[PDB]
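Just below is one structure, and these are the notes that go with it.
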Amino acid sequence: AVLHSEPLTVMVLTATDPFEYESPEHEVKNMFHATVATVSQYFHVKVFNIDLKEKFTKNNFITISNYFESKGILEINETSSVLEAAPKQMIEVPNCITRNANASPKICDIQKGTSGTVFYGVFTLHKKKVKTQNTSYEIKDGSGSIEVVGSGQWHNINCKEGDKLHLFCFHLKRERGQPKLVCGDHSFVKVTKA
(Lines of atoms letter the chains of each structure in order from A; the text may use other names.)
(Lines give C-alpha, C1' and ligand atoms only; values in the text may rest on other atoms or scores of the structure.)
Protein backbone atom coordinates (compact mmCIF):
# COMPACT_ATOMS: atom_id res chain seq x y z
CA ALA A 201 0.00 0.00 0.00
CA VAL A 202 1.39 3.38 -1.10
CA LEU A 203 0.46 6.79 0.32
CA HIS A 204 -0.60 9.61 -2.03
CA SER A 205 -0.21 13.02 -0.35
CA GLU A 206 -0.75 14.94 -3.64
CA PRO A 207 -4.35 16.24 -4.10
CA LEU A 208 -6.32 14.41 -6.81
CA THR A 209 -9.61 15.75 -8.17
CA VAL A 210 -12.17 13.19 -9.38
CA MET A 211 -15.86 12.97 -10.24
CA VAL A 212 -17.90 10.44 -8.30
CA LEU A 213 -19.57 7.88 -10.58
CA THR A 214 -21.19 5.34 -8.22
CA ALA A 215 -21.28 4.48 -4.54
CA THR A 216 -22.82 1.59 -2.61
CA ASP A 217 -24.88 1.64 0.52
CA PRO A 218 -22.81 1.52 3.71
CA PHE A 219 -22.29 -1.95 5.17
CA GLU A 220 -20.61 -3.41 8.26
CA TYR A 221 -17.08 -4.82 8.18
CA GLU A 222 -14.40 -5.69 10.76
CA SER A 223 -11.83 -2.87 11.17
CA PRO A 224 -8.06 -3.42 11.49
CA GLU A 225 -8.65 -2.77 15.22
CA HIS A 226 -11.24 -5.59 15.20
CA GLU A 227 -14.34 -3.45 15.84
CA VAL A 228 -17.55 -3.45 13.78
CA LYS A 229 -17.53 -0.37 11.57
CA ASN A 230 -19.18 0.73 8.34
CA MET A 231 -17.66 1.27 4.91
CA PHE A 232 -18.85 1.67 1.35
CA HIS A 233 -17.51 1.11 -2.16
CA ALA A 234 -17.31 3.82 -4.80
CA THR A 235 -16.09 4.42 -8.31
CA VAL A 236 -14.61 7.77 -9.34
CA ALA A 237 -13.04 9.18 -12.48
CA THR A 238 -10.50 11.64 -13.80
CA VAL A 239 -10.43 12.77 -17.42
CA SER A 240 -8.41 9.66 -18.31
CA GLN A 241 -9.12 6.80 -15.88
CA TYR A 242 -11.68 5.44 -13.44
CA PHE A 243 -10.82 4.00 -10.03
CA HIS A 244 -12.45 1.72 -7.51
CA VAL A 245 -12.42 3.31 -4.05
CA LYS A 246 -12.92 1.79 -0.60
CA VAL A 247 -14.16 4.42 1.86
CA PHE A 248 -13.68 3.56 5.54
CA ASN A 249 -15.06 6.87 6.87
CA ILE A 250 -18.86 6.64 6.85
CA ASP A 251 -19.11 10.41 7.37
CA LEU A 252 -18.02 10.88 3.72
CA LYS A 253 -21.06 9.16 2.22
CA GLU A 254 -22.77 12.43 1.25
CA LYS A 255 -19.59 13.58 -0.50
CA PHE A 256 -19.64 10.35 -2.54
CA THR A 257 -22.82 11.12 -4.47
CA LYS A 258 -23.05 10.64 -8.25
CA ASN A 259 -21.62 13.59 -10.21
CA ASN A 260 -20.01 15.25 -7.16
CA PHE A 261 -16.50 16.59 -7.83
CA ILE A 262 -14.14 15.93 -4.91
CA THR A 263 -10.45 16.41 -4.19
CA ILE A 264 -8.81 13.58 -2.24
CA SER A 265 -5.44 13.69 -0.50
CA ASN A 266 -3.53 11.41 1.86
CA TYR A 267 -5.24 8.36 0.40
CA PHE A 268 -3.70 4.96 -0.25
CA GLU A 269 -3.44 2.63 -3.22
CA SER A 270 -3.29 -1.17 -3.07
CA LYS A 271 -3.76 -3.50 -6.06
CA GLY A 272 -4.84 -0.43 -8.02
CA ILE A 273 -7.71 0.29 -5.60
CA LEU A 274 -7.86 3.59 -3.69
CA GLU A 275 -8.40 3.44 0.09
CA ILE A 276 -9.84 6.43 1.98
CA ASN A 277 -9.84 6.37 5.79
CA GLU A 278 -10.03 8.74 8.77
CA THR A 279 -6.53 10.12 8.08
CA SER A 280 -7.47 10.99 4.47
CA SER A 281 -8.89 14.32 3.35
CA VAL A 282 -11.94 14.51 1.07
CA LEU A 283 -13.21 17.98 0.19
CA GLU A 284 -15.52 19.26 -2.50
CA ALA A 285 -13.58 20.29 -5.57
CA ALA A 286 -13.18 23.90 -6.59
CA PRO A 287 -14.87 24.87 -9.90
CA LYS A 288 -11.62 25.48 -11.79
CA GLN A 289 -10.24 22.11 -10.64
CA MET A 290 -13.11 20.22 -12.30
CA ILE A 291 -12.70 18.60 -15.71
CA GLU A 292 -15.47 16.90 -17.70
CA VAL A 293 -15.22 13.09 -17.57
CA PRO A 294 -15.59 11.66 -21.10
CA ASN A 295 -18.57 9.35 -21.41
CA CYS A 296 -16.19 6.60 -22.58
CA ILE A 297 -14.53 6.56 -19.14
CA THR A 298 -17.89 6.24 -17.40
CA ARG A 299 -18.98 3.39 -19.70
CA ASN A 300 -15.73 1.50 -19.05
CA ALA A 301 -16.17 1.96 -15.30
CA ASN A 302 -19.61 0.34 -15.56
CA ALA A 303 -18.45 -2.66 -17.63
CA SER A 304 -18.03 -6.11 -16.00
CA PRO A 305 -15.13 -8.44 -16.78
CA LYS A 306 -15.81 -11.63 -18.68
CA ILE A 307 -15.52 -14.77 -16.58
CA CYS A 308 -13.02 -16.20 -19.07
CA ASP A 309 -10.76 -13.22 -18.29
CA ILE A 310 -11.17 -13.62 -14.53
CA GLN A 311 -10.05 -17.22 -15.06
CA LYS A 312 -6.78 -15.89 -16.53
CA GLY A 313 -5.95 -13.85 -13.42
CA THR A 314 -3.05 -14.38 -11.08
CA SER A 315 -3.86 -15.50 -7.56
CA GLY A 316 -4.46 -12.52 -5.30
CA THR A 317 -5.85 -10.16 -7.92
CA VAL A 318 -9.17 -8.47 -7.12
CA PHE A 319 -12.34 -8.37 -9.25
CA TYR A 320 -15.64 -6.47 -9.35
CA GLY A 321 -18.62 -7.07 -11.60
CA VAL A 322 -22.24 -8.11 -12.12
CA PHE A 323 -22.89 -11.74 -13.03
CA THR A 324 -25.83 -14.12 -13.45
CA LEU A 325 -26.27 -16.81 -10.81
CA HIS A 326 -26.36 -20.31 -12.30
CA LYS A 327 -26.47 -22.58 -9.24
CA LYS A 328 -25.78 -22.29 -5.54
CA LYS A 329 -24.99 -24.69 -2.71
CA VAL A 330 -25.41 -23.44 0.84
CA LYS A 331 -22.96 -25.36 3.01
CA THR A 332 -22.52 -25.49 6.76
CA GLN A 333 -20.05 -22.58 6.93
CA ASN A 334 -19.99 -21.01 3.47
CA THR A 335 -21.94 -20.84 0.25
CA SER A 336 -20.71 -21.52 -3.27
CA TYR A 337 -22.35 -19.38 -5.98
CA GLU A 338 -21.70 -20.65 -9.49
CA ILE A 339 -21.88 -17.59 -11.76
CA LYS A 340 -21.93 -17.78 -15.54
CA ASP A 341 -21.79 -15.71 -18.68
CA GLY A 342 -21.31 -16.56 -22.35
CA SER A 343 -17.58 -16.98 -21.72
CA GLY A 344 -17.59 -19.51 -18.87
CA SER A 345 -18.53 -20.16 -15.27
CA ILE A 346 -16.69 -19.73 -11.98
CA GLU A 347 -17.31 -20.52 -8.31
CA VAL A 348 -17.78 -17.58 -5.91
CA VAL A 349 -17.39 -18.40 -2.22
CA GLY A 350 -19.20 -16.27 0.36
CA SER A 351 -19.00 -16.45 4.14
CA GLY A 352 -20.36 -14.32 6.96
CA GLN A 353 -22.97 -11.91 5.68
CA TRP A 354 -22.18 -13.22 2.15
CA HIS A 355 -23.20 -16.74 3.17
CA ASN A 356 -26.74 -17.92 2.32
CA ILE A 357 -27.52 -14.69 0.47
CA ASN A 358 -31.18 -14.45 -0.49
CA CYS A 359 -31.02 -15.12 -4.24
CA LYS A 360 -32.11 -17.61 -6.87
CA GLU A 361 -31.01 -18.94 -10.28
CA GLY A 362 -31.12 -16.13 -12.83
CA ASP A 363 -30.67 -13.33 -10.31
CA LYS A 364 -27.68 -11.03 -10.79
CA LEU A 365 -24.95 -10.85 -8.15
CA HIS A 366 -23.07 -7.55 -8.01
CA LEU A 367 -19.65 -8.47 -6.60
CA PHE A 368 -17.33 -5.88 -5.04
CA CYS A 369 -13.70 -6.63 -4.10
CA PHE A 370 -13.59 -10.40 -4.46
CA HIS A 371 -10.25 -12.19 -4.51
CA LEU A 372 -9.02 -14.70 -7.06
CA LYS A 373 -7.61 -17.92 -5.59
CA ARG A 374 -6.39 -21.10 -7.27
CA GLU A 375 -6.91 -24.60 -5.82
CA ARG A 376 -5.32 -27.26 -8.10
CA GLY A 377 -5.27 -24.76 -10.98
CA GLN A 378 -9.05 -24.22 -10.75
CA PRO A 379 -9.62 -20.49 -10.18
CA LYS A 380 -12.41 -19.17 -8.00
CA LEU A 381 -13.46 -15.89 -6.41
CA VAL A 382 -13.51 -15.68 -2.62
CA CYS A 383 -14.76 -12.98 -0.33
CA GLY A 384 -12.43 -10.91 1.84
CA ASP A 385 -12.69 -8.41 4.69
CA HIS A 386 -14.05 -5.62 2.45
CA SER A 387 -16.18 -7.61 0.00
CA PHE A 388 -19.76 -6.57 -0.72
CA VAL A 389 -22.61 -8.24 -2.61
CA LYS A 390 -25.89 -6.86 -3.83
CA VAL A 391 -28.59 -8.84 -5.64
CA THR A 392 -30.87 -7.70 -8.44
CA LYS A 393 -33.79 -9.99 -9.19
CA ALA A 394 -34.39 -11.44 -12.64
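When we follow the authors' numbering, the leftmost residue of the sequence shown carries the number 201, and every step to the right adds one.
Yeah, the Cβ is synthetic: ideal placement off N, Cα and C, and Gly gets one too.
Assumed close pair residue i, residue j - CB separation to whole angstroms, cut-off 8 Å
i           : j      : result
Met211      : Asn249 : That pair is no contact at about 19 Å.
residue 433 : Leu367 : Because the chain in this structure spans residues 201 to 394, residue 433 falls outside the shown range and cannot be described.
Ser265      : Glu206 : 7 Å
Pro294      : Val239 : 7 Å
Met231      : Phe261 : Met231 to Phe261, Cβ: 22 Å. No contact.
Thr263      : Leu208 : 7 Å
Opening and closing residue of the beta strand (DSSP E) in which residue i lies
i      : result
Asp309 : Careful: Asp309 lies outside any beta strand (DSSP E), inside the alpha helix (DSSP H) at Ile307 to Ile310.
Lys253 : Neither: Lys253 is in no beta strand (DSSP E) and is coded neither H nor E.
Exposure label - residue i; buried when at least 16 CB within 10 Å
i           : result
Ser387      : buried
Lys246      : buried
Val330      : exposed
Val348      : buried
residue 396 : Only positions 201 to 394 of the chain appear in this structure, which leaves residue 396 out of reach.
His233      : buried
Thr235      : buried
Original post:
For the segment 256–304, which segments carrying the alpha helix (DSSP H) assignment without a break, of at least 4 residues, lie completely within its bounds, in sequence order?
Top reply: The qualifying runs are 295–302.
Original post:
Enumerated in chain order, which unbroken segments of the beta strand (DSSP E) with a length of 3 residues or greater are wholly contained in the segment 348–392?
Top reply: Taking 3 residues as the shortest admissible run, the segment 348–392 contains the following complete beta strand (DSSP E) segments, listed from N- to C-terminal end: 364–375, 378–382 and 388–392.
Subject >> Cβ contact check for the segment 353–364 and the segment 321–340: 3 or more pairs under 8 Å >> reply: Pairwise C-beta distances place the segment 353–364 in contact with the segment 321–340, as three or more of them are shorter than 8 Å.
Subject >> Length-filtered (4 minimum) alpha helix (DSSP H) runs lying within the segment 322–349 >> reply: With a minimum length of 4 residues, no continuous alpha helix (DSSP H) run stays inside the segment 322–349.
Original post:
Would you say the segment 370–382 touches the segment 314–322, given that touching needs at least three Cβ pairs under 8 Å?
Top reply: Contact between the segment 370–382 and the segment 314–322 is present, because at least three Cβ pairs lie under 8 Å.
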